Amino acid sequence: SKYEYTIXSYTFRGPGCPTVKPXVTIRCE
């Protein structure tokens, strides 16, 4: 499991799958 949580124009991709606030939308691969 790896979270890709995208903020603005920057894709932040690493380990641990949490849930996110309105605006940011995570992907657990």
# chains A, B, ... in the order shown; residues from 1 in each chain; ligands from 1

$ select_by_dssp --residues "chain A" --states "strand (DSSP E or B)" --output "VMD selection string"
chain A and resid 2 to 7 10 to 15 25 28

$ residues_around --residues "range 2-5 of chain A" --least-positions-apart "6" --cutoff "7 Å" --atoms "only C-alpha atoms" --output "PyMOL selection string"
chain A and resi 11-17+24-29
